[PDB]
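Spelled out from the first residue to the last, the chains are:
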There are 2 protein chains.
Amino acid sequence: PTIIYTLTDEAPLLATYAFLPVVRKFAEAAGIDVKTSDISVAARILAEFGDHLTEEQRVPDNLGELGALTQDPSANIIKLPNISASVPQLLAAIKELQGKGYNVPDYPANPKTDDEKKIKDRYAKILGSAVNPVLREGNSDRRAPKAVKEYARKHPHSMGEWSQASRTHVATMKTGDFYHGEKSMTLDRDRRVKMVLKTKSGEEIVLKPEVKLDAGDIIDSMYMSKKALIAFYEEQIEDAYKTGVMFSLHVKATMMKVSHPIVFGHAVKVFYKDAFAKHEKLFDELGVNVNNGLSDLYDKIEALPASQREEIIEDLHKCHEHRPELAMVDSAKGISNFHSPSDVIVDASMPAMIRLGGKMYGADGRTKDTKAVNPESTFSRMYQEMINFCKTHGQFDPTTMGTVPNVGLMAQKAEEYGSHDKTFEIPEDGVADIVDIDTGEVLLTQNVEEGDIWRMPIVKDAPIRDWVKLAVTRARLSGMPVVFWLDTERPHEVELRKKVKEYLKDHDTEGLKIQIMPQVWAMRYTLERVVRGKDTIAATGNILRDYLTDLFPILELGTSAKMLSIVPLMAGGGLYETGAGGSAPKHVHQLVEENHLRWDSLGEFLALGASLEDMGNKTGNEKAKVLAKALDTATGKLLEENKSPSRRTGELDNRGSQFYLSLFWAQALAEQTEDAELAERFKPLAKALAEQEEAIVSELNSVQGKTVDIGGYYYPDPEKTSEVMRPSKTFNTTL
Amino acid sequence: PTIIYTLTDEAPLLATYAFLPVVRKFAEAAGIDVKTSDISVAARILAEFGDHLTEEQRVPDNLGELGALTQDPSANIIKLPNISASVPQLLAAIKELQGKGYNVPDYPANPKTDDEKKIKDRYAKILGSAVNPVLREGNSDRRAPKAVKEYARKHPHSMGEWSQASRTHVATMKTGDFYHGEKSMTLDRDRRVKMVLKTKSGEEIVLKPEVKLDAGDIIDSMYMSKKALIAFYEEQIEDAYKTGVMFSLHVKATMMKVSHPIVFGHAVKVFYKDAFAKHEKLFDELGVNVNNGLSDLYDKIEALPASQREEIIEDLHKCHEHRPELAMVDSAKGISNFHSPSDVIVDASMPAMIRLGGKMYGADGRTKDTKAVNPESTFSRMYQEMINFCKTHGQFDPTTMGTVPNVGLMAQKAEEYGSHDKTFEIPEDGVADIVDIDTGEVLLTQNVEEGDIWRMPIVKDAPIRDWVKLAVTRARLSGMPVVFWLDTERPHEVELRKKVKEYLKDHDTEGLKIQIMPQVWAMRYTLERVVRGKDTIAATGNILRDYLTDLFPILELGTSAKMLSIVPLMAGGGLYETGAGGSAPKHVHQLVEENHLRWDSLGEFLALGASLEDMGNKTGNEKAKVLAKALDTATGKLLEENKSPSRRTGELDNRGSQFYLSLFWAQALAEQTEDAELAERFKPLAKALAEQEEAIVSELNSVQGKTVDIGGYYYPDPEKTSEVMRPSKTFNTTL
Ligand SMILES: [Mn+2]
Ligand SMILES: [Mn+2]
C-alpha cells in the first residue's frame, strides 16, 4: 500500500514542501505510505553523471525506477508538473550543482574533443520533454471534474467577443505536407526494419539502422516537401500582406524537437529572405541556426563590432516594409513570434487566440485579427472549424456550455510522440524506403527531395486496445456519447479505424452512443452539442489529445490547470498527472522576493482524490474510499468558500489554501458516518484546526511581504525550504 | 512501374501483335513500362526441356516467373486466353519446334524404357489446364461491364423460346455420388496427412505418400460409387428411350482430368453395353480406353482388317435401335456427344442449351428437347431450377433483366480445382482413410469399392478470408446485395458456412444486404429478382464460379467473351483475365488463308481499363486514372459506333477495330479537363488519326482476301507476323 509522490521543479515542488506532511498524516490512517521520488532537472543530472560523486551524493535513476514501476500492477504515482529543460535551464542547473560541491561536467554546446561528444550525448537525455515518454505507459483520461465545471458556471471568466466580420483564420497546406503524402500500414508479423535513402547517385544512406516492430503495429511513412513548405510560406506571407491581416505561426518545437524547428526555421528564412541573402556568407560561418528563432541570430551577432551588428538589425527591420505585420509575444520589448520557437506553442496559443475573440497582439500593442499559420494540415483543420463556428455563433458562453472530455491514445510513445529518434532532414534527392532486414522487402516507398522532413511514427497494438476499452469505460460510467476522431482520407486513421471497428465488438456496448467521424465533422458535431449545453467525449489520437485538452478547458473554465488527468496503466496501476502546464517560474520569483506563492494546488488535490479512490477499488482498502470521498467534498468546499490562492502579495497564498483544504478534509471525516474509527480519529484534529483558524491564517499572512531564503533554485535546501513553506508553528504542532 | 502483358497462343496472340505497339504508346505517357511474358505452349515446352537446347535457344520459365510475381504487392498482369494443350496439340507443337531445330523429345504415350517414363511426366506439366492454377493467387470478381449490358438492352441477341411443355431437364444422381457420401472438416492444428486404402486382405496401400495441410483448412473425403453410377446411367438411358427424349452428357473433362473421364467412360460403356461385351477381349488387349471417348475406340480399330472393323462399327450402330437418340456435336460429320470428352464442356454446353430454349442438335441436324445428364448432383441441380423457372416464365428478356456478377472462391488451388493430384480410382474394396503421419490418428474414414472415384479436395483459410472480404467490398461499391450459395446438407458447405458466418463480423456490413441460402434456393432467389430487373451478387465456391459466369453472361449478353474478370491478388496485386474462353483456332485458319482475323479484342480493352484503374489506386499514379477513364469511354464509343470485328472476310476485322479504339482513346484524351498536359499531348495524335481514317482503313481492308505467311502456327515468326498484323503504312508511321 504505497503512493509515490513526485518531487519536481519550481512552484509545484515548493507547494509539495508544505503539502507532503499533511497528505502523509491523512494517508497513514488507511495504511498507505507516501514515498517520495525526485525527478527534478537537478536529480536527473546527478543520476546520469554519478561518475565524480561520493556515495552520499549519488542518486538512483529515479525516472528509470518509476518507468520500471509502471509494470507493477500496484503502481500509484502522482505526477506534478516538471521542467522540460531548455539549454539555458540545463546550464543554470549545472552551474548551481557545481557550486554546491557536485562535480558534474559542463555541457559543451560545440564539442571540440571527441570525449565531449559522449557527455553531450549523455546530456541530451536530460534536455527537453524527457519525463513524459517514460511515465506514459497508459492512455489519457482528461476531463474537468463536475465541481470545477459548476464553479465556472457560477463565476464566468472573461472571453473576447467574436465578430461575424472577423478576418482571422487558420492557414494550412493543401499539398506537399505530411498528410497529403502519407502512406500507412498495419504489421502482419514481427519484423526488424531499417530506414534507408537510395540517392540519385546510387549510394545508400542508412538514416536509422534498426528498429524492432511487433505484430499489429501501425507505421506511417509521411514527409513534408521543403519546396512546397516554402512556396506555401511565400504565398501566405504575401496574402497576409496584401489583405492587411497580421501574420502568426503556431507550432510545437518544444516536444516535436526535430521536425518543428525546421518548419519554424523556414518561415523566418522566407520572411526575411532579403536580409538572409545580403549576409548569407556571414551567417553561414557564424553557424546561425534560425530554426532556434531570431534569438539565435541576435546572440551570434551581439559580439560583432557595433557598426556591423547595427547594419544587420537594420536590414531586418527594413524587410518589414514589404512584409505583413507580425504577432508579438512582448510588444514593449519588441519580442515577436519569430524570436523563439518556445514562445508561441500551438496547443496553448491557439486556444488563447480563440478565447480572445480570434485575436493576437500587434507591434502597436493593440489586439487584432490574425492569419494563424499552422503549416501541417493533419491536426490544424479542426481549429478552423471552431473559428468558423464562432464567426457565426459568437463566443462560447461558459455559464451554459457543455463539456468535452478526452480519451487519448498516448501509451508507449504512441504515434508522433515517439517519432523523434526516427525523423530526418533529407540530405539529398532520393527514394526513402523502410526495408525489412530479413527478406529485403520495401514495406513503404516514398520519393523525397533535399530538405524534406521524413519520419516513421509507431503505434503498438496493445495500447490501441486499452484506448478503445477506456472509451467504452468512460461512456458507460458517464452516460456521455463518444466520438472517435478518425479521418477517412488519412491512411493512418483508416488503419486505426479498422482496429476501432473490430475492438469495439469485443466490448459490451448495448446502451451507448459510440460513433466514428472524421476530425472536422467530429469537431462540428461536438460544437453543435456543447453550445446546446450537451456533453461529448472525444476519443482521439496523441496530438489531438494534447490540443483538445488545452482547447476546450480554456473555453469552458478559463484554464487547463484545473482538471483531472488520469492515466490507467496497462499493467494494472494508475498514474495521476496534477497539471499539464509549466512549473511556473514567475511564481517562485514572487515567493523568494516577497514570500507569496500563488501556485494553485487544486490539480494536486484532485489527483490525490483520484489516487485514493482507485486505491480503494484495486486493493479493497475500504478506508481509502472514505478518505477519497472526504477529500472530494473537501476540495468542493474549497471552491464554494472561495479559498483558492490569491495572486496579490499579502493575501491568502498557496500555503493558506493548503490549511483550509486540510481543515475541510478533517471536518469531512469527523462528520461522516461510514467509518466509525476514522470519524473519532479526526474528530479532535478537526476541532483543533477550526478553533485556531484566524490564528493560523493570521500567521501565514503576516509573514508575507518580504524576501525569503530557500537555499537555491534548481536544488533548494530541504531544511531552509521547509522553514519557509511551513512558517506556521501553530499549524505544524497541531499534527 | 510495370504492367506484364502475356503473349499466348493462336488468335489472341495475333491480336496482341497489333495491340502491344499501341498500348505502349499510351502507357509510357504515364510512366508505365509494358513488358511481355511468353507463356505459349511452345515457350512452356522450351522452358521445361532446356537440356537439349543451345544457350541462345533456352527460354526462361515465364510461368514460374509469374507465379513468383503474384507474391509481389506491385503485381499487374494482363492474362490472355491460351491453349490448354490436348495430346494432339502438344504433338503438333513438338514437331513444329523440332522442325525449327529445337531438340525437344517426342511425347511418348506408351513409354518403353524407364527413361521415356521420365520425360512423359515432364511433359505432363505442360498438358491441360496448366497456367490458371499457377496464376490464380487471388479470388474471382467476374462481372458484366456497365457499358456492355447497356448495349445488349438496345440490341438484343436471339434467344430460343421456352415452351411450357418442354421435356428438357437435368438428370442427376440422388445417392452414391460425391454429394450423398461426403465427409468434411476444418483442421485445428498444422499437420501432414496421407491417403491410404486399408484393404480386405489386411494390406494397406498408400495412394498418396504425403500432403502438407495448414491450420484452419477445410478438407473433404468424397467418393462416387461405380455400381451406383452405372445403375444411374442404365436408368437414365432407359428413361430417355422410353420417353423419346434425346440423351446428352455434360462434364468438365478438360479441367477435371482424372475423375470426369472415368465418369464420361462409364456412360459410353453402359450405353454400348452390347458391343463392349461381344468384343470384350479384343477391346481389352487393343488397350481401348473409352474414358477418352468413342474417338479412342475408332483410333484403335482403324488399322484392323476391313471385315473386322466393319463388324465392330455395325455392332455399335446396331446398339442404337434400343437406345435413345444421342446429341450431336456435328451431325453432318457424324460426330456425337460421345466422340470426345473435350467436345461438350459443361460450363458452356449447358448455357448454350438453355439459351437455345432447352435445345440441342440431333442426327437429322434439327434442334430437340434433351435430357441433360449431369451425373454429379453437387453443382448440377442449380441448373434444374433455372430450367423449371424458364418453363413457367418463358425465356429471359435481355432488354429488361438484371445482372448477376460473381465473387468466386478460387485462390490457391481451392476445392475441386486442386483435387486432381489427390483423386484416385480405387483398385480394390476396402476402407479409405486420411491419416496423420505423426501420431496414428484417423481423421476421415470412408468405405469404397473396386472402381470408385475417391478424392480429397482442400481449401485454405486465407483464401476464404479474401473471398468474404471481396464479397463485402463488391456489395459496398455497387450497392447490390450478395447471396452466399452454401448448402445446409453438404458437409463442405457447412464448414464454409461456419467461416462465412464468422468472417462477416470482421467487416463493416452496415448498410449491406448479405445472406446465406442453399444453392437451389439462392438460384431461385436470384432468378426471381433478375426477371424483374433487379441485380444480385453470387458469392460462390470454385465450380459454381465457373458455371455461373458462363450461364448468366450468356443469357444477359449472348456471350461470356465480353466481360471483366478481375483477380485481386492476396499479396496486393491484380490479375486481369481478358477471356474465360479458348484461343479460337478457327480465327487463325481464317487469318493465314484469307488475311482476316475475326477475333474480338473487347475483353482485352476492358481488362486494360481495369488494369489502369487499379494502378492509380495502389501506387498513386494520377495520369494512369485519366487513361483508364478515357479508355472506359473509348471502349464504350467503340460499342456504340458499332466498329467491332466482322466475321465475313473482306470487311472490318480485329486490325481495323483496334485502330478505331486508339482513335477514340486519343480523342477521349484530346477533350478531357483534369490533366491539361495530357489534353494537348494526345491532341496532335487524335487529329492525325481522325484525318487519316479513310486512308488507314483503305489499307487494312485492301490487304485482306489473300493468303499470308506468319512463319508457323504454335511458334510464329515475330518478323513475318508483325508484317501481317500491322499492314497499314500511314497508321504505323503516325507512331
Ligand atoms: Mn497540452
Ligand atoms: Mn468458364
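Residues numbered from 1 in each chain as written, not as in the entry; some residues may be left out. Chains lettered and ligands numbered in written order. Part of a larger assembly, values for the part shown. Heavy atoms only, no water.

For this coordinate set, the PDB header names X-ray crystallography as the determination method and states a resolution of 2.80 Å.

> How should I be thinking about the overall build of chain A in this particular structure?
A count of helices and strands for chain A gives 27 helices and 28 strands. The C-alpha atoms of chain A give 27 Å as radius of gyration, which agrees with the globular expectation for 735 residues (27 Å, within 12%). Seen through its principal axes, chain A has C-alpha atoms that stretch 80 × 70 × 60 Å. Taking all 735 residues of chain A together, 56% fall into the buried category. Expressed as a percentage of contacts within chain A between residues at least 6 apart in sequence, the contacts between residues at least 24 apart total 79%. Put simply, chain A shows about 30,900 Å² of open surface, and 49% of that area lies on carbon and sulfur atoms. Separation between the mean location of the 92 positive side-chain charges and that of the 111 negative ones in chain A comes to 3 Å. (Helix = DSSP H or I, 4+ residues; strand = E, 2+ residues; numbered from the N terminus. Rg over C-alpha atoms; globule rule 2.2 N^0.38 Å. Buried < 20%, exposed > 50% of the residue type's maximum accessible area, 1.4 Å probe, protein only. Contact = heavy atoms within 4.5 Å. Areas by Shrake-Rupley, 256 points an atom, 1.4 Å probe, with all protein chains shown as cover. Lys, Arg positive; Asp, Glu negative; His and termini not counted. Charge placed at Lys NZ, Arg CZ, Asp CG, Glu CD.)

> Explain the sheet that holds strand β1 (residues 2–7) of chain A here, please?
Strand pairing in a sheet takes place through backbone hydrogen bonds and is either antiparallel or parallel in direction. All names here are of chain A. The mixed open sheet is built from 10 strands, whose spatial order is β2-β1-β3-β28-β27-β4-β17-β26-β24-β25. The strands lining the two open edges of the sheet, one partner per strand, are β2 (33–38) and β25 (514–517). Across the sheet, the mean angle separating the axes of adjacent strands is 20° when strand polarity is ignored. For strand β27 (residues 564–568) and strand β28 (residues 574–577), the ladder comprises 4 bridges, and the chain directions are antiparallel. Its bridge partner being in β28, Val567 is matched across the sheet by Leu575. Packing of helix α18 (residues 519–530) onto the sheet brings it into contact with β24 (482–485) and β25, and relative to β24 it is tilted by some 155°. (Pairing = 2+ DSSP bridges. Axes fitted to C-alpha atoms, helices over the stretch in contact; angles between N-to-C directions.)

> Explain the coordination of the manganese ion (ligand 1) to me, please; I cannot follow it from the model alone.
Ideal geometry at a metal gives 109.5 degrees between four tetrahedral donors and either 90 or 180 degrees between six octahedral ones. Residues and elements named next belong to chain A. Protein coordination of the manganese ion (ligand 1) is provided by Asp347 (OD), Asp546 (OD) and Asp550 (OD), with donor distances spanning 2.2 to 2.5 Å. For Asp347, a relative accessible area of 9% gives the class buried. Classification of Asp550 by relative accessible area gives buried; the value is 11%. (Donors = N, O, S within 2.8 Å, 3.2 Å for Na, K, Ca; no water.)

> Could you clarify how one ought to interpret the pattern of salt bridges in this entry?
Two side chains bearing opposite charge may form a pair once their charged atoms approach each other closely. Scanning all chains against the criterion turns up 99 salt bridges over all chains. The network of salt bridges with shared partners includes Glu182(A), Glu416(A), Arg490(A) and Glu493(A). (Salt bridge = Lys/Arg side-chain N within 4 Å of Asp/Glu carboxyl O.)

> Even after reading the chapter, I still don't get a negative patch on the surface, so can you show me in this structure?
Residue and element names in this part refer to chain B. Together, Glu150, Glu640, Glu641, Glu693 and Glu694 give the surface a local cluster of negative charge. In this fold, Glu693 is placed in helix α26 (residues 693–702). By relative accessible area, which is 31% here, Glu693 ends up partly exposed. (Patch = residues over 30% accessible without salt bridge, like charges linked within 9 Å, V, L, I, M, F, W, Y side chains within 5 Å.)

> Got a minute to help me understand the domain arrangement of chain A in this structure?
Put simply, an interface is often sized by how much accessible area is lost when its parts join up. All names here are of chain A. Along its sequence, chain A is organised into domain 1 (1–137 + 571–735) and domain 2 (138–570). A straight line from the C-alpha centre of domain 1 to that of domain 2 covers 31 Å. Contact with domain 1, which involves 23 residues of that partner, is made by 21 residues of domain 2. At the boundary of domain 1 with domain 2, total buried surface from both sides reaches about 2,000 Å², with 57% on carbon and sulfur atoms. (Domains from an automatic or database assignment. Buried area = accessible area lost by both parts, 1.4 Å probe.)

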